[PDB]
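In what follows, a structure is listed as structure tokens, so that the remarks can point back to it.
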Amino acid sequence: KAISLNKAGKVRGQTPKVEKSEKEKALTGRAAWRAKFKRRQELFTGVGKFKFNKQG
RNA sequence: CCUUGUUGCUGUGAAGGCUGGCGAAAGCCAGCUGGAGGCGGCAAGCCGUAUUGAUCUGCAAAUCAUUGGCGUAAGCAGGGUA
RNA sequence: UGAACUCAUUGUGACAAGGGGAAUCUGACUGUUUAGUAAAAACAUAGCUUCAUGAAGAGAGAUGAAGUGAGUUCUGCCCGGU
RNA sequence: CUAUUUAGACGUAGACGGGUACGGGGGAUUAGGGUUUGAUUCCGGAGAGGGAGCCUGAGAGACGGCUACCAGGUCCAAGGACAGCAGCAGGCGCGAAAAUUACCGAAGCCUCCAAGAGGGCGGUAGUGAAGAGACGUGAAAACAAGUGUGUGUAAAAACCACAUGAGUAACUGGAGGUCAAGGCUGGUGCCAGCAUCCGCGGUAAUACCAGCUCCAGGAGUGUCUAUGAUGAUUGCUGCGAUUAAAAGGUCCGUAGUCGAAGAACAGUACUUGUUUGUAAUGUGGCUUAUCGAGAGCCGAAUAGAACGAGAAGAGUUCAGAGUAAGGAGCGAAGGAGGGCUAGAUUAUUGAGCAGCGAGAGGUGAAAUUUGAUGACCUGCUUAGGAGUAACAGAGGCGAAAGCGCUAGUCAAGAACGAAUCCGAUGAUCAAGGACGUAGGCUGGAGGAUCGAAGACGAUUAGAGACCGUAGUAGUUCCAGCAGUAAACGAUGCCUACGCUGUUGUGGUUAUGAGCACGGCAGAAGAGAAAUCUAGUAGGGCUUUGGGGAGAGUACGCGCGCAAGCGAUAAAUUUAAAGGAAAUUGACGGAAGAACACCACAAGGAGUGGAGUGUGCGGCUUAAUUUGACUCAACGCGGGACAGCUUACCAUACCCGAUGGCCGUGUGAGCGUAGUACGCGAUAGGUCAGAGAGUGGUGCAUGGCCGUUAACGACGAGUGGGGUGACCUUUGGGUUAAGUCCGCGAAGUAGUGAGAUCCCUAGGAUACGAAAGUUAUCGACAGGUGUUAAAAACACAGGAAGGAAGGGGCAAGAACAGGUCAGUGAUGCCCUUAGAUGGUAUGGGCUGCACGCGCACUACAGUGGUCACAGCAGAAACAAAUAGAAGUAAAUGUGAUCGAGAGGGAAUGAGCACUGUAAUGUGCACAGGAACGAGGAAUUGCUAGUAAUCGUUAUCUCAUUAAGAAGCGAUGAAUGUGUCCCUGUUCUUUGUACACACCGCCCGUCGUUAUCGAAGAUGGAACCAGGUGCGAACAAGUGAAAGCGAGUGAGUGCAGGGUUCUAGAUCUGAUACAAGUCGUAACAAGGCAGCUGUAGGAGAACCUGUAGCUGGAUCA
Ligand SMILES: [K+]
Ligand SMILES: [K+]
Ligand SMILES: [K+]
Ligand SMILES: [K+]
Ligand SMILES: [K+]
Ligand SMILES: [K+]
Ligand SMILES: [K+]
Ligand SMILES: [K+]
Ligand SMILES: [K+]
Ligand SMILES: [K+]
Ligand SMILES: [K+]
Ligand SMILES: [K+]
Ligand SMILES: [K+]
Ligand SMILES: [K+]
Ligand SMILES: [K+]
Ligand SMILES: [K+]
Ligand SMILES: [K+]
Ligand SMILES: [K+]
Ligand SMILES: [K+]
Ligand SMILES: [K+]
Ligand SMILES: [K+]
Ligand SMILES: [K+]
Ligand SMILES: [K+]
Ligand SMILES: [K+]
Ligand SMILES: [K+]
Ligand SMILES: [K+]
Ligand SMILES: [K+]
Ligand SMILES: [K+]
Ligand SMILES: [K+]
Ligand SMILES: [K+]
Ligand SMILES: [K+]
Ligand SMILES: [K+]
Ligand SMILES: [K+]
Ligand SMILES: [K+]
Ligand SMILES: [K+]
Ligand SMILES: [K+]
Ligand SMILES: [K+]
Ligand SMILES: [K+]
Ligand SMILES: [K+]
Ligand SMILES: [K+]
Ligand SMILES: [K+]
Ligand SMILES: [Mg+2]
Ligand SMILES: [Mg+2]
Ligand SMILES: [Mg+2]
Ligand SMILES: [Mg+2]
Ligand SMILES: [Mg+2]
Ligand SMILES: [Mg+2]
Ligand SMILES: [Mg+2]
Ligand SMILES: [Mg+2]
Ligand SMILES: [Mg+2]
Ligand SMILES: [Mg+2]
Ligand SMILES: [Mg+2]
Ligand SMILES: [Mg+2]
Ligand SMILES: [Mg+2]
Ligand SMILES: [Mg+2]
Ligand SMILES: [Mg+2]
Ligand SMILES: [Mg+2]
Ligand SMILES: [Mg+2]
Ligand SMILES: [Mg+2]
Ligand SMILES: [Mg+2]
Ligand SMILES: [Mg+2]
Ligand SMILES: [Mg+2]
Ligand SMILES: [Mg+2]
Ligand SMILES: [Mg+2]
Ligand SMILES: [Mg+2]
Ligand SMILES: [Mg+2]
Ligand SMILES: [Mg+2]
Ligand SMILES: [Mg+2]
Ligand SMILES: [Mg+2]
Ligand SMILES: [Mg+2]
Ligand SMILES: [Mg+2]
Ligand SMILES: [Mg+2]
Ligand SMILES: [Mg+2]
Ligand SMILES: [Mg+2]
Ligand SMILES: [Mg+2]
Ligand SMILES: [Mg+2]
Ligand SMILES: [Mg+2]
Ligand SMILES: [Mg+2]
Ligand SMILES: [Mg+2]
Ligand SMILES: [Mg+2]
Ligand SMILES: [Mg+2]
Ligand SMILES: [Mg+2]
Ligand SMILES: [Mg+2]
Ligand SMILES: [Mg+2]
Ligand SMILES: [Mg+2]
Ligand SMILES: [Mg+2]
Ligand SMILES: [Mg+2]
Ligand SMILES: [Mg+2]
Ligand SMILES: [Mg+2]
Ligand SMILES: [Mg+2]
């Protein structure tokens, strides 16, 4: 029974190209760690609930 | 059917037997002894495959040469008898 | 059974004396046959199966008649015609 | 090595052959016990393209020495010459795979005749994210990498010191679960892709492709491939074998592994001391480079060996010792244990004869078939070959397979009783040996009954099968071969420790009990449960399993006359497996109760046939708008359409929340007999954004309906049982109903049923003066008779008698059941001034070859026609001269008509009514079609019911009922039952079904792919041997010429041993979305299934014979 290869690549053609927006140089090493440690202060409490990423 | 004549040389090595080893048994493996067979190679013989050889006014109204088949046997043969 | 020495072509010196292998058709084997154009795959053979009979100077492990052809493995269906 | 003598040497504790390998010190992982690796700094071995010979030397069978062959090369003047990178750089190939044709009088060492010469050995840098350390990528005031001097070295560079500039510096994999971190926004719609595994995507994708935010590790992070761990899935420590994979059919037996008490003895294992035995690595430490790997120094150490010591266990011996260890023997007794000899009561067939005179046989029902040549049945005679009924059992015997009449005879064994004898003789078992139901095979005897194969008769779409008739090999015996069974209690053999009650068999007994061999019922433990040959446990020895498939198959080998049997692989494929036990449902051509005119029995009226009314399909058309399809679509959508309804078709006309921007009284736009007049913000254009739609999707919904079902079920709290999913427990009587009565590991309250409510039947003491109305009352199986309870019936009184009759309301759970065309109920998609929005005039919804559903008039005389009466539910009715809506009709009496004067279909010219419009309705005259009681089928109905007969001040409605929803008149037949059919509930039981029987599933045939066997004839390599021939070198002998043992490379010719590969054709397996023919298995799966063996057959499979329950029976 018939088979064909006519459709290879389709979705990569049809998805509209969007440009990457600019951003700062991010931290690295201990610098990144001081930044994370201040954000997560709630979580280091044994009560209440932190949430890393929410879209509401 | 009755009475008789006619087996020389060699190869292979069945049944039965004795020793030695192995095995708990049953019975297996060596070496030797023994000498069976419409069994192998030949002799005397009996036969008749090939050369489509010789001969075809013959040696001969069926022979001759070389080459072949069997040859310890449902083998070959004289006389008497049906 | 060994070893050495020896020869100018080498030694079963003349005579006597197997060519061998791979396959197929066919008949099991040794044996027999068209005397005088056919030796064969034809005939025979051991084994297998069928048939008829209580009659004998013979008595069913007997006496005669047919067919197939050693061994191994198989041998299906039909009694309408004769 | 050679001469003569002796036959040895080595093997199941694995010889010999073949395959494979540099060996250790050490490395990786690791709680412990282990599993894997070692070309690779140290030690020892071998080699220098492949083989072989050799001179020199203290030392080589040397190759940066020589000589010859074989395979390859280089230069030439063609005559000859030279050469070997598994040294250091370097090049080409091969591969998925690995650096510079660099500097060196310095460090560590080696070589010479040396106050010096040589060394790619060694050292120094360059190159590369194989591995291992320490740190950058900012701080809150103030941060690498640069540069210059000095150092450093053999010379350098880097490193370090001081001094100058300054302000540079993160990526890889992910975000549904395992597994840390987004239902975010846009594309795509089972596509494209993602995903180790599970799984995503069919237009609402937290999983694809991208954007944006998060997470993890970080100068690093992902992937592929080997291995160690995970893993008690290789089990010494430490798994399993009743049913999941797994105890050999039973004995004997060698090698092997394992073996009393008592008294003594000896030291080789065993354990331990002292001394040896380890550079590096590793282990326990300390000291110096800024720190940390690194470097330097210290201490102890494995296996192996030398010499002493201790004697528990192991070992050796002894007999004034004699196992609930074995063998020999004695006494009395028991048993379908075995071989042989001689007898037996019946039965089934066959023949003979006698009696009788028509059928026998066989089945669910029948046919083949046999009988007047006398069957069948009843007598008497006989001839054979099998078998031992009832007694006969959770009884006995045997190693298992197996063994059942009575006597006599011949060997051996088990158990019991007891002061007999010998003394370790024993347990288990590869190899080897003996037995083994049935069916089968080789030869003989025989042949009653039964019966594979083969042949018929039936049944079926077809039966080749099941059933019946018949019939052969076999089924019996003797002498052998064979070697399998669901050969099963699916539970190896010895030996232990272990609770109670009861019942057997054989001996013995102080009569209390024991010993051997059993059955049964609990308990406690155990186990995933079911259950227990399964409890406790490092006792000994053998067999044996490691996810499904392929496969107990291929090749080789051993046995067999054959049939075959024993023993046993790879390639390939796949996420689970009709794997195990239990639980809840669904189903059964399973069992037992119930129930019901949408079930039947007993009956009564029809429908299906004709003509017409109406709906549905099909076809036609400009359009014939559309939903709905077993009950539960089809006079249904309140669907009786002239307009409207109306969604469809033809033509024509009409319109637009708000906000921004722009443009406007010097006039946006509008009317017109459209160009110059009238009216003026109202209604302009463009972007956003509303709203509207009988447009789409009920598989995006709400609400409401229908159906299960009008059925008996339905959940909560507390207690009980089970590891759990889950069950609340024994199913006996009753009702319409888990409605109730009994009884219980359960008990208490509720929903559903009943009660209540509404109508119909009886009832003033109230109200009225009109004569009726309404009514808190009346019936409860209450009374009698039926001897548990709950109940039921038969009588009797009573207006009314067993839910008084009829309605209405009416659990939980469900269904992708219906409706978006009821809705200012509604999500999302679509259209929106040339509209899918309104309006108007017309046309269609009503078209007609034809198949269906439901109704209405009929087929006459139990009728038709004329007239006359006369009666409902109660109360409504201008007028009308042929006739043109209305207050019953069947019916009662008299006439008439007389067997198509029954019947009114298609149609003619008229006469009126409703209406905006006839196409709709009424009336009169003509006309007079089929139909003479309906094939296969099919629908309701138990009493004021069915059927008959009219009527609606009920609904539709201007006009239209042959439709519904009511209402009254006349009024039966038969039963008062049953579970046979059709279904529905409950309880038991089986299951390979859960998507739930419309389920699931087996095998041929045909088509594709992929991997493997065989096969006439063949190719390659690569090893060792056997024969030829023989280059180089050569001891010896010779003045010499020569001659030449021996060591041998190469090469002839035959063979073998290994590994690959070709091959016409045949034959397996696996995957085939769904092709063809049947339906073999799972329910008593429609003939209960399965194991062995033998025939047969399109194919699953069918048939004979013996066996098993894993069976549909613990009886
Ligand atoms: K001889
Ligand atoms: K001639
Ligand atoms: K002459
Ligand atoms: K010769
Ligand atoms: K000669
Ligand atoms: K012959
Ligand atoms: K002969
Ligand atoms: K001849
Ligand atoms: K014949
Ligand atoms: K013959
Ligand atoms: K034959
Ligand atoms: K015939
Ligand atoms: K005949
Ligand atoms: K020259
Ligand atoms: K070299
Ligand atoms: K090199
Ligand atoms: K590399
Ligand atoms: K350095
Ligand atoms: K990223
Ligand atoms: K993403
Ligand atoms: K999305
Ligand atoms: K395994
Ligand atoms: K073990
Ligand atoms: K066996
Ligand atoms: K004893
Ligand atoms: K006996
Ligand atoms: K037998
Ligand atoms: K048959
Ligand atoms: K037939
Ligand atoms: K039959
Ligand atoms: K029969
Ligand atoms: K036997
Ligand atoms: K045997
Ligand atoms: K077996
Ligand atoms: K027993
Ligand atoms: K078990
Ligand atoms: K085989
Ligand atoms: K009818
Ligand atoms: K209807
Ligand atoms: K609904
Ligand atoms: K069957
Ligand atoms: Mg002689
Ligand atoms: Mg002879
Ligand atoms: Mg002669
Ligand atoms: Mg002759
Ligand atoms: Mg001739
Ligand atoms: Mg042939
Ligand atoms: Mg001859
Ligand atoms: Mg002749
Ligand atoms: Mg001749
Ligand atoms: Mg012949
Ligand atoms: Mg023959
Ligand atoms: Mg035979
Ligand atoms: Mg010698
Ligand atoms: Mg090494
Ligand atoms: Mg060397
Ligand atoms: Mg050499
Ligand atoms: Mg060298
Ligand atoms: Mg070097
Ligand atoms: Mg998470
Ligand atoms: Mg993901
Ligand atoms: Mg296991
Ligand atoms: Mg099983
Ligand atoms: Mg099993
Ligand atoms: Mg077994
Ligand atoms: Mg340090
Ligand atoms: Mg001891
Ligand atoms: Mg008779
Ligand atoms: Mg008896
Ligand atoms: Mg005894
Ligand atoms: Mg037999
Ligand atoms: Mg055993
Ligand atoms: Mg397996
Ligand atoms: Mg086998
Ligand atoms: Mg009936
Ligand atoms: Mg009809
Ligand atoms: Mg129903
Ligand atoms: Mg209209
Ligand atoms: Mg409309
Ligand atoms: Mg609407
Ligand atoms: Mg629905
Ligand atoms: Mg009810
Ligand atoms: Mg109770
Ligand atoms: Mg009620
Ligand atoms: Mg639906
Ligand atoms: Mg219509
Ligand atoms: Mg009439
Ligand atoms: Mg209607
Ligand atoms: Mg079936
Ligand atoms: Mg069946």
Side-chain angles (χ1 to χ4, degrees):
Chain A
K1 181 175 183 181
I3 297 290
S4 189
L5 304 182
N6 301 133
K7 293 174 182 179
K10 197 180 90 169
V11 72
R12 180 177 298 278
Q14 299 199 125
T15 61
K17 288 174 182 179
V18 172
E19 285 289 328
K20 294 191 84 72
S21 59
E22 70 167 34
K23 286 184 284 292
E24 311 92 330
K25 295 286 181 180
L27 303 180
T28 56
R30 63 155 171 80
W33 276 107
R34 201 206 297 183
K36 276 148 61 178
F37 180 68
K38 294 191 178 186
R39 186 178 183 258
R40 293 169 186 188
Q41 284 297 297
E42 290 181 292
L43 182 58
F44 295 110
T45 325
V47 297
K49 287 185 176 74
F50 185 64
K51 188 171 180 72
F52 294 82
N53 175 34
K54 200 190 184 177
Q55 268 55 56

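Chain letters run A, B, ... following the sequence lines, proteins first, then strands; residues in each count from 1. Reckoned from all heavy atoms, side chains included, excluding hydrogens, waters and symmetry mates.
Residues of residues 6-14 of chain A that place a heavy atom closer than 4.0 Å to RNA chain D, in numerical order, are A/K7, A/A8, A/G9, A/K10, A/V11, A/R12, A/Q14. Against RNA chain D, the stretch residues 20-27 of chain A makes heavy-atom approaches under 4.0 Å through A/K20, A/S21, A/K23, A/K25.
Because its glycosidic torsion is more than 90° from 0, D/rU370 is reported here as anti. In D/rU646 the base sits anti relative to the sugar, since the glycosidic angle is further than 90° from 0. An anti base is found at D/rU449: its glycosidic angle is more than 90° from 0. An anti orientation is assigned to D/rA575, its glycosidic angle lying beyond 90° of 0.
Rounded to whole Å, the separation between the P atoms of D/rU388 and D/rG338 comes to 13 Å. Nucleotides D/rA937 and D/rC998 place their P atoms 25 Å apart, quoted to the nearest Å. To the nearest whole angstrom, the two P atoms, one in D/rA761 and one in D/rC967, are 13 Å apart. Of the P atoms belonging to D/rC1087 and D/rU1079, the separation is 12 Å, rounded to the nearest Å. For D/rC726 and D/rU584, the P atoms lie 10 Å apart once the distance is rounded to whole Å. A gap of 39 Å separates the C1' atoms of D/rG606 and D/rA642, to the nearest Å. Of the P atoms belonging to D/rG329 and D/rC421, the separation is 16 Å, rounded to the nearest Å. Using atom P as the reference point in both D/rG408 and D/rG447, the two lie 34 Å apart (nearest Å).
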I'd like a table of donor-acceptor pairs (distance under 3.5 Å, sequence neighbours excluded) in which one partner is a side-chain atom from residues 49-56 of chain A, with atom names and distances.
residue, atom, partner, partner atom, Å
A/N53, OD1, A/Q55, NE2, 2.9

Kindly give the atom pairs (protein nitrogen or oxygen, nucleotide nitrogen or oxygen) under 3.5 Å for nucleotides 178-182 of chain D.
residue, atom, partner, partner atom, Å
D/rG182, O5', A/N53, O, 3.3
D/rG182, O4', A/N53, ND2, 3.2

Report all interatomic pairs (protein N or O, nucleotide N or O of nucleotides 1072-1076 of chain D) with separations under 3.5 Å.
none

Please list, for nucleotides 199-201 of chain D, all pairs of protein and nucleotide N/O atoms separated by less than 3.5 Å.
none

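The six-membered rings of D/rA683 and its strand neighbour D/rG684 do not satisfy centres under 5.5 Å apart together with planes under 30°, so the two bases count as unstacked. A stacking contact links strand neighbours D/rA825 and D/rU826, their base ring centres being under 5.5 angstrom apart and the planes under 30 degrees. Remark: bases of strand neighbours C/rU37 and C/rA38 are unstacked by the 5.5 Å centre distance and 30° plane angle definition. A stacking criterion of 5.5 Å and 30° is not met by the six-membered base rings of adjacent nucleotides D/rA232 and D/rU233. Stacking between B/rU7 and B/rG8 is absent, since the six-membered rings do not have centres under 5.5 Å apart together with planes under 30°.
With the cut-off at 3.5 Å for both distances, D/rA633 forms no Watson-Crick or G-U wobble pair with D/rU583. Nucleotide D/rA688 is annotated as paired to D/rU658 [Watson-Crick or G-U wobble, both distances under 3.5 Å]. With the cut-off at 3.5 Å for both distances, D/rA692 forms a Watson-Crick or G-U wobble pair with D/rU831. Taken as a pair, D/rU774 and D/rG659 do not qualify under the rule of Watson-Crick (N1-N3 plus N6-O4 or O6-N4) or G-U wobble (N1-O2 and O6-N3), both under 3.5 Å. Pairing check for D/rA792 against D/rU786: the Watson-Crick or wobble criterion is satisfied, both distances under 3.5 Å. Taken together, B/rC22 and B/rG11 fail the test for a Watson-Crick or G-U wobble pair, since the two needed distances are not both under 3.5 Å. The base of D/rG1068 engages D/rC1011 as a Watson-Crick or G-U wobble partner, both distances under 3.5 Å. D/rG396 and D/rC403 are base-paired, meeting the Watson-Crick or G-U wobble geometry with both donor-acceptor distances under 3.5 Å. Remark: the bases of D/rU409 and D/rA628 do not meet in a Watson-Crick or G-U wobble pair with both edge contacts under 3.5 Å. Here D/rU172 sits opposite D/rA216 as a true base pair, Watson-Crick or G-U wobble, both distances under 3.5 Å.
Judged by the sign of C1'-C2'-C3'-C4', the sugar at D/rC997 is south, the angle being negative. The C1'-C2'-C3'-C4' torsion of D/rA13 is negative, so its sugar falls on the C2'-endo, or south, side. Pucker assignment for D/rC488 gives south. The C1'-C2'-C3'-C4' angle has a negative sign. Regarding nucleotide D/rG552, the torsion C1'-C2'-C3'-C4' is less than zero, so its sugar is described as south.
Under the side-chain contact (heavy atoms from CB on, under 4.5 Å) criterion, A/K36 pairs with A/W33, A/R40, not counting sequence neighbours. Partners of A/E19 under the side-chain contact (heavy atoms from CB on, under 4.5 Å) rule, at least two apart in sequence or in another chain, do not exist in this structure.
In the set D/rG138, D/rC209, D/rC215, D/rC215 carries the atom at the smallest distance from any side-chain atom of A/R39.
Pairing for D/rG471 is absent, judged as Watson-Crick or G-U wobble with the two contacts each under 3.5 Å. Within the shown strands, nothing qualifies as a pairing partner of D/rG802 under the Watson-Crick or G-U definition with both distances less than 3.5 Å.
For the pair A/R30 and D/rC135, the criterion of a side-chain N or O lying under 4.0 Å from OP1 or OP2 is not met. Between A/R34 and the phosphate of D/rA140, there is a side-chain N or O to OP1/OP2 separation shorter than 4.0 Å.
Heavy-atom distances to RNA chain D give each of A/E19 and A/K36 a nearest nucleotide, and the one nearer the 5′ end belongs to A/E19. Between A/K17 and A/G29, the residue anchored closer to the 5' end of RNA chain D is A/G29, taking for each the nucleotide with the nearest heavy atom.
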### Query
Taking only Watson-Crick and G-U wobble pairs with both distances under 3.5 Å, what dot-bracket line describes RNA chain C, where [ ] shows pairs that cross earlier ones and | shows pairs with another strand?
......(...)...................((.........))...(((((((........)))))))..............

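When hydrophobic side chains of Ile, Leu, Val, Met, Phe, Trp and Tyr are connected at separations under 4.5 Å, A/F37 ends up clustered with A/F44. In the hydrophobic clustering, A/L27 connects to no other residue, as no ILVMFWY side-chain heavy atoms lie under 4.5 Å from its own.
Listed by first and then second residue, the side chain to side chain donor-acceptor pair (under 3.5 Å) pairs that reach into residues 5-16 of chain A are A/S4-A/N6, sequence neighbours excluded.
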